[PDB]
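A closer look at the structure
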Amino acid sequence: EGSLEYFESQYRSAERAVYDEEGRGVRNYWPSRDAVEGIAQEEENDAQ
Amino acid sequence: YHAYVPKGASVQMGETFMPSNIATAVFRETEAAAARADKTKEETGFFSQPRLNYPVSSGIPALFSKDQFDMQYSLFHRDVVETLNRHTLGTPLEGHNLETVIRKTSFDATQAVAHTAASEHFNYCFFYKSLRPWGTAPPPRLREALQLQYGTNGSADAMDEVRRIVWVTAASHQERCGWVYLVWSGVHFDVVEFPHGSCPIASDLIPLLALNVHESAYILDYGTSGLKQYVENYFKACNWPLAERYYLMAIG
Amino acid sequence: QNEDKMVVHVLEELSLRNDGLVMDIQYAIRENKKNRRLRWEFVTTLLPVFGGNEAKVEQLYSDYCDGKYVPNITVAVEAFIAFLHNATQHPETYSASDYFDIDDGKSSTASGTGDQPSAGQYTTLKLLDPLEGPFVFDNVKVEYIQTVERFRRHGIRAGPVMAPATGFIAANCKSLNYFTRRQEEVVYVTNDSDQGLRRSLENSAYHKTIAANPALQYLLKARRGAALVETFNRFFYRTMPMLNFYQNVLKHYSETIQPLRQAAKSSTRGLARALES
Amino acid sequence: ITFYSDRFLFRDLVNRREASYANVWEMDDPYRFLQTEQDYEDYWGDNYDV
Amino acid sequence: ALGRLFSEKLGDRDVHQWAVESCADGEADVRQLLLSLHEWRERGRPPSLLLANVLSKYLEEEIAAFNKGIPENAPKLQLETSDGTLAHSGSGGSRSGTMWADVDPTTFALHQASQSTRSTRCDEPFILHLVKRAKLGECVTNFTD
Amino acid sequence: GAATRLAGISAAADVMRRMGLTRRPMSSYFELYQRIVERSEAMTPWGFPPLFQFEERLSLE
Amino acid sequence: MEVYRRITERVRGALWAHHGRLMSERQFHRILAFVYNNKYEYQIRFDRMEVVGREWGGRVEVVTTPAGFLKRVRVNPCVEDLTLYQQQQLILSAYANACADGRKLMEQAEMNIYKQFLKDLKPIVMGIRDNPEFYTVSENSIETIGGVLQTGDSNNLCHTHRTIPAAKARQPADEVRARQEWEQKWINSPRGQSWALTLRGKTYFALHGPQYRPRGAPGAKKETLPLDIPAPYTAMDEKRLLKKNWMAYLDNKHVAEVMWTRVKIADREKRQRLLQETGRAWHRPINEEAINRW
Amino acid sequence: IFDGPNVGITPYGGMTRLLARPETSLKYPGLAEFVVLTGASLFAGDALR
Amino acid sequence: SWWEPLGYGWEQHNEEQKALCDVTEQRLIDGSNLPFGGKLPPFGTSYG
Amino acid sequence: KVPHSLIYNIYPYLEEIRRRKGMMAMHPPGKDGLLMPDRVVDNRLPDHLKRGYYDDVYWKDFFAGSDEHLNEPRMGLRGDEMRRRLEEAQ
Amino acid sequence: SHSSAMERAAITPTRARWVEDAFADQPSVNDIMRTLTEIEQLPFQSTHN
Amino acid sequence: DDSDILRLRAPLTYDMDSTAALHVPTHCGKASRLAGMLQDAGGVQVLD
Ligand SMILES: [Mg+2]
């Protein structure tokens, strides 16, 4: 417990990062190369 | 349990709708069935009816009721086999192929019984192997070969033309006793009519499709006048890719 | 006309826009038609009103099953009455089939309703057990059962134990079925607004022979009509489950229909301009 | 190297099959292995305590 | 039997085209019936009642024509979803033209693709493709080189 | 007490096929068949002296 | 023991038959072990009580724990005058009557055990048949290399049943959540207020509140969502074995297969018996084409 | 031979159960009384059926 | 480490790819290069 | 005959001979353990149904790259994942 | 090796028929006796003999 | 006489027939064990 919480959190974030990057609100199956290979700034912000 | 259940009946679920009376009647029937099974086991000869590749417990779709087909399979054919067996034992023809019985009794009286029976057995066999229950669409290569002969300047015209010519040949056989075949002469296709007691193998053709024009075949369903309808249906239910692969084997 | 629909029209339209939903309505309809129980209940509830041929009753059953019939509110009420009569006169068949909650005299407390609930009376009209009832899938049937039991045991009234309020055909309306657009043909028997169930009861020829039964007195007078309303709805939910079934169907249709048309046109036009381009 | 007959276990087998026990603890306690004093002496020789 | 009735009537023309045709803008999602059609033709399956309704109101004359001569006690061909389930061991095999209760997808696909009628993509120049197929045969893959 | 020999030969070809004994499939069946057909013509064909039948110190040429 | 082992093997074998999952030997035996310990607990508590059988009149009384252990024997002086043989038979038949009563109790208890056991298998069992891919064909339908053939007869007689809702998934978890929503709905309402002050209410909160269990008191302290083990969607013991050593993979695979086969054979035997009893089947094979013609 | 009303006694040996199985009432209605009343032998065939 | 060098299901997978996939995207496994010629060695020869 | 040295192996058997009395010798009334099949169950679905099936239970696009569970393996897949496939293909 | 002709049977099928006409479902021995008595009087030409 | 065959259906008492009930298992095993169990129970108690 608490691995799972963190893990799932970052999944949720990474996925609403891929499937729609711009927050328009609809699911996109043709994502930009940057939203796919790009790293979470959240992880970074958390090290900081 | 399959072995112990008699030949005809089906093995199913209890709904417990059975009164005791018919429940006892059933066991009686089963007892007799065991008896007649014991006698059929010894009455068995060399040749035997073919296993059907498709379920006929209901009719053969778009073609036959249960009773029509079963009157062919379990009445006339099974009889033909009885005769064939009775007359191929006690003779030089004991225990050879269906062929070498067909082939060495050809064209002659005094073996006439054996030959008729044998060729009949074949005709029926090949007939069952010729019916595919929901029907097939005739394959490209056979379509091509058929076009080169029957086709007159139309798309797969060969198919409606062959299925026409067959009807014609069937109606042109007056006896209503016999067989209509689509065969390969070895140099060309054609549709032949064989009288009862003759087969394509005795005439050394190579058979592709068989049609049963015996009156017994369509009489329970299409009536006396219903042959046209019958053939038309047979083409809804016939088996083409068989005819095709046989054709290609004949060619090489 | 794209507005007014019947149930058949809905199933054949929706057949295109929801595969699974229609597959489910139809499976369920099959399973309810298979039941001996729901049939026995329908038959033996509506038998007295026609009083006649079981041919007409059976036909009305099969037709009821498809939504092609809803019973008229008048017929409904006098079926209720007919039931109360046939139950009280010979109690043996109708307390062994249509269930009432019997008073436990080993439990006694002081209240107006609770005491008539305590001694020699019928507390509530009981719904069919989850095995003999209307269809539920075998996924959840276990939890369904557990819940129904855990609730009836401890006397919780909620979820699957409570009866939904069913609609009928109004007195002035001659219509046979439910309609998507017309809400005024469908009438509910509510606690506050009544359909004349009391006035039909008291003016009925059976009122004194029913006023004889000591056990039904609580089911008449308890919360007042809130005992007699509950009793009513409950009855027709336990007898004719599928009125509410189809009701919820058409409810759902009218709700979700237009979003699906938006989706349809959008994707179709999508491959359309994609196609011509 | 003794070789028992095939049915050698019968006596004990009917003794076991017919045994009965007031409670389950008595059924399997740790010490039912022991009867005479010899047994109690060999089972505890090691604890000089017991 | 349904399979080849369809593949016969449709004939040559574009699958996707037909699927935009059979749906007016408001009928059903094209993605859905496209999916179900793909899964029905190759990977042979029972057709979803969506596809069955579409096909029924498309092929009605070929089915009426295949059903036109049949005797009384013999199997007809009927698409009716009146019962909930799709497994064609349920209907008697009378729903589609199927003789089987189940055929595993891969094998079915190899079978109907072994039928040359199954349409190859041929992104190549057409005539060149056909010429190669005739001259070299399919024995061109006999060689590993 | 002499059974029929068909089941035996179909079996003994079957084993060599399902065991990987030969590189080319037919060879199993052909050799087994051939070797029988040649011995069919020999005087007292299916009996063998016990000593020469198989591997033993002294052998046949 | 036996009835349970049959059912557990049914489950293991079916698990590998339908999907590619293997149950760990560890798990399979631990199920059983739990049935066993259940019984044991029932024995523990059953020996605290006594059963009294009685022979002639009340003249011969026998007091015996339900397990069948003999405790006391009371006898009329009338018996003392009989014979040793008849004394023996008399006490013996009293003892038999005690064993009868005790064994009746016991069998009720056993039925209880079976029920708890079933309930405990239910997430696994249902877990295999409640998937979007699970299916069966009728047993009498011929099976060939490609796939399975249609059974011809009585096109009405074959109805395919469906366990799952075909539209969006409604799982048991959703149903338990529904249950607690109605629990809170009833609780929070007036008339659900006055009910929670009744004896019925405090009974209900006695048994079915876990949340009120004081720290260190026995039993579950939260309400649990029903277990979800979807079979095709969860890798169990085949994944660990397939990583570690192939040999154990092939052997566990083997076992599951063999168990499945065995179960199926048993079902064929019971079928056969049921078929002979009603007299549809003979007592020796009369139909050998049903066997030899493949 | 399940007999013994012929020696003036009731049959013993448990075969009574076998005779009263609902199965036997199914296959051979009346046989149970036949063998219990009349001492009469049964053989391999009938034990099998 | 001995299982991958011999493509096991190769003739099957070849068949699948050739029949059901477009020639643009398919990976075809050749048996000639595979360790035994893609076949099961004759009995006594392979050391086991 | 049974060797003296090998008899210890019979002990667990002989053990629960002794331990079988009551409640552990009990078999559930009515229940044999062999439950015969009766009906035929199939829960399989057309694909467009099982596309959006699990999305309130697990994530959307539950069946994505799953070949056995779908007749269409490539549906629901976002583009680059589809590209991965052909990418290892060449 | 087996046949129905070859197994030893007392109740061979006509015998079954007779038995179930005699002893099936008769609620005493006396009923059975006047039933029998009534059966022994049938001629040789009757259908039911 | 009929009443006597009516009598036979009555279960065994020891007052009429002077015979104990048969119940056959528990006579199978415990018949030879009885002295043991009894004397473990400290013998019978003769009451009145
Ligand atoms: Mg001893």
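Criteria and thresholds
Residues numbered from 1 in each chain as written, not as in the entry; some residues may be left out. Chains lettered and ligands numbered in written order. Part of a larger assembly, values for the part shown. Heavy atoms only, no water. Residues with missing side-chain atoms left out of burial classes, pairs and counts. Helix = DSSP H or I, 4+ residues; strand = E, 2+ residues; numbered from the N terminus. Rg over C-alpha atoms; globule rule 2.2 N^0.38 Å. Buried < 20%, exposed > 50% of the residue type's maximum accessible area, 1.4 Å probe, protein only. Contact = heavy atoms within 4.5 Å. Areas by Shrake-Rupley, 256 points an atom, 1.4 Å probe, with all protein chains shown as cover. Buried area = accessible area lost by both parts, 1.4 Å probe. Salt bridge = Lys/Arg side-chain N within 4 Å of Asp/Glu carboxyl O. Nonpolar A, V, L, I, M, F, W, Y, C, P; charged D, E, K, R; others polar. Pairing = 2+ DSSP bridges. Patch = residues over 30% accessible without salt bridge, like charges linked within 9 Å, V, L, I, M, F, W, Y side chains within 5 Å. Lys, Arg positive; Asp, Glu negative; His and termini not counted. Charge placed at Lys NZ, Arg CZ, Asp CG, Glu CD. Polar contact = N/O pair within 3.5 Å; in protein donor to acceptor, adjacent residues only side chain to side chain. Axes fitted to C-alpha atoms, helices over the stretch in contact; angles between N-to-C directions. Parallel < 35°, antiparallel > 145°, perpendicular 65-115°, else oblique. Arc of directions from axis to C-beta.

cryo-EM is the method the PDB entry lists for this structure, together with a resolution of 3.37 Å.

**Quick notes on the overall build of chain D**
Summing up its helical and strand segments, chain D has 3 helices and 1 strand in all. Mapped in sequence order, the helices and strands of chain D form the string β-α-α-α. For chain D, the C-alpha radius of gyration of 15 Å lies well beyond 10 Å, the compact-globule estimate for 50 residues. Classification of the 50 residues of chain D by burial places 18% in the buried group.

**Describing the overall build of chain G**
A count of helices and strands for chain G gives 7 helices and 5 strands. Whereas a compact globule of 294 residues would reach a radius of gyration of roughly 19 Å, chain G reaches 28 Å, over 25% beyond that. Counting the 294 residues in chain G, one finds 44% classified as buried. The contacts in chain G between residues at least 6 apart in sequence include a share of 60% that link residues at least 24 apart. Carbon and sulfur atoms make up 55% of the accessible area of chain G, which totals about 16100 Å².

**Re the interface of chain G and chain J**
Facing the 53 residues of chain G at the interface are 36 residues of chain J. The junction of chain G with chain J conceals about 4400 Å² of combined surface from both sides, 60% of it contributed by carbon and sulfur atoms. Its largest share of buried area at the contact with chain J, chain G owes to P132, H161 and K168 of chain G, together 13% of the area lost on that side. Taken together, the connections running from chain G to chain J amount to 2 salt bridges. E133 of chain G is paired through a salt bridge with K50 of chain J; the nearest N and O atoms lie 2.8 Å apart. Secondary structure elements with two or more residues in the side of chain G that touches chain J: helix 1 (2-18), helix 2 (25-46), helix 3 (84-129), strand 5 (160-161) and helix 7 (246-277) of chain G. Take the side of chain G that touches chain J: its biggest share by element is 8 residues, from helix 3 of chain G. Per-class residue counts for the side of chain G that touches chain J are 27 nonpolar, 9 polar and 17 charged. Pairing of strand 5 of chain G with strand 2 (residues 40-41) of chain J involves 2 bridges; the strand directions are parallel. Across the sheet, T160 of chain G pairs through a bridge with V40 of chain J, a residue of strand 2 of chain J.

**What about the pairing of strand 2 (residues 60-64) of chain G?**
Residue and element names in this part refer to chain G. In terms of burial, strand 2 is largely enclosed, as 4 of its 5 residues are buried. Counting the residues in the hairpin turn of strand 1 (residues 51-54) and strand 2 gives 5 residues, including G57, whose phi is positive at 50 degrees. Strand direction decides the pairing type here: strand 2 and strand 3 (residues 70-75), joined by 5 bridges, are antiparallel. Note on strand 3: the bridge partner recorded for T64 is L70. Here strand 2 folds back onto strand 3 in antiparallel fashion, the turn holding 5 residues, of which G68 has a positive phi close to 105 degrees.

**What about the arrangement of the chains?**
Pairwise contact counts over the 24 pairs of chains in contact peak for chains G and J. The two partners chain H and chain J share no contact, and the minimum distance between any of their C-alpha atoms is 17 Å. Nothing in chain E touches chain L, and the closest approach of their C-alpha atoms is 51 Å.

**Some remarks on helix 8 (residues 227-237) of chain B**
Counting buried positions over the 11 residues of helix 8 of chain B gives 8, a clear majority of the element. All buried positions along helix 8 of chain B are accounted for by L227, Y230, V231, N233, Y234, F235, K236 and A237 of chain B.

**Digging into the pairing of strand 3 of chain G**
Along any regular strand the residues' side chains alternate between the sheet's two faces. Pairing analysis gives 2 bridges linking strand 3 of chain G to strand 1 (residues 45-46) of chain L, with the strands arranged parallel. Residue pairing in the sheet places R74 of chain G in a bridge with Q45 of chain L of strand 1 of chain L.

**Brief notes about a negative patch on the surface**
A cluster of like negative charges, contributed by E42, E43, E44 and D46 of chain A, occupies part of the molecular surface. Using a relative accessible area of 46% as the deciding quantity, one classes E43 of chain A as partly exposed.

**A closer look at the interface of chain J and chain I**
You'll often see interface size given as the accessible area lost when the parts meet. Across the boundary between the two partners, chain J contributes 4 residues, which contact 4 residues of chain I. With both chains or domains summed, chain J and chain I bury close to 270 Å², and 53% of this area falls on carbon and sulfur atoms. For the pair chain J and chain I, the interface holds 1 salt bridge. In this structure, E88 of chain J engages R27 of chain I in a salt bridge whose closest nitrogen and oxygen atoms are separated by 3.6 Å. Inspection of the region where chain J meets chain I yields 0 residue pairs in polar contact. When the residues that make up the side of chain J that touches chain I are grouped by side-chain class, the tally is 2 nonpolar, 1 polar and 1 charged.

**Notes on the packing of helix 3 (residues 37-50) of chain C against helix 5 (residues 73-89) of chain C**
Residue and element names in this part refer to chain C. Running from N to C, helix 3 and helix 5 point in directions that differ by 105 degrees, and their axes come no closer than 8 Å. Relative to helix 5, the element helix 3 lies roughly perpendicular. In contact with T45, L46, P48 and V49 of helix 3, helix 5 contributes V75, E78, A79, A82 and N86. Looking at side-chain class alone, the contact of helix 3 with helix 5 contains 6 nonpolar, 2 polar and 1 charged residues.

**Describing the pattern of salt bridges**
Throughout the structure, instances matching the rule amount to 79 salt bridges over all chains. Among the salt bridges present, the one from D12 of chain D reaches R16 of chain D, with a minimum N-O distance of 2.6 Å. Residue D12 of chain D and its partner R16 of chain D are located together in helix 1 (residues 10-17), separated by 4 residues, close to a single helical turn. Using a relative accessible area of 36% as the deciding quantity, one classes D12 of chain D as partly exposed. With a shortest N-O distance of 3.5 Å, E139 of chain G and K264 of chain G are connected by a salt bridge. Of this pair, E139 of chain G sits in the loop between helix 3 and strand 4 (147-149) while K264 of chain G sits in helix 7, and the two are 125 residues apart along the sequence. For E139 of chain G, a relative accessible area of 37% corresponds to the partly exposed category. Overall, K264 of chain G belongs to the partly exposed group, its relative accessible area being 31%. Overlapping salt bridges, with partners in common, bring together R37, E41, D98, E132 and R238 of chain C in one network.

**A few points about a nonpolar patch on the surface**
A cluster of nonpolar side chains, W246, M247 and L250 of chain G together with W2, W3 and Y8 of chain I, forms an exposed patch at the surface whose accessible area comes to about 790 Å². Assignment of secondary structure puts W2 of chain I in the segment before helix 1 (10-20).

**Topic: helix 5 (residues 140-150) of chain B**
Residue and element names in this part refer to chain B. Taken together, the buried positions of helix 5 are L142, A145, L146 and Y150. One side of helix 5 holds all its buried residues, which, seen down the axis, span an arc of 110 degrees. The outward face of helix 5, more than 90 degrees from its buried face, is lined by the exposed residues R141 and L148. Of the surrounding secondary structure, the elements contacted by the buried residues of helix 5 are helix 6 (157-171), strand 2 (189-195) and helix 9 (240-251).

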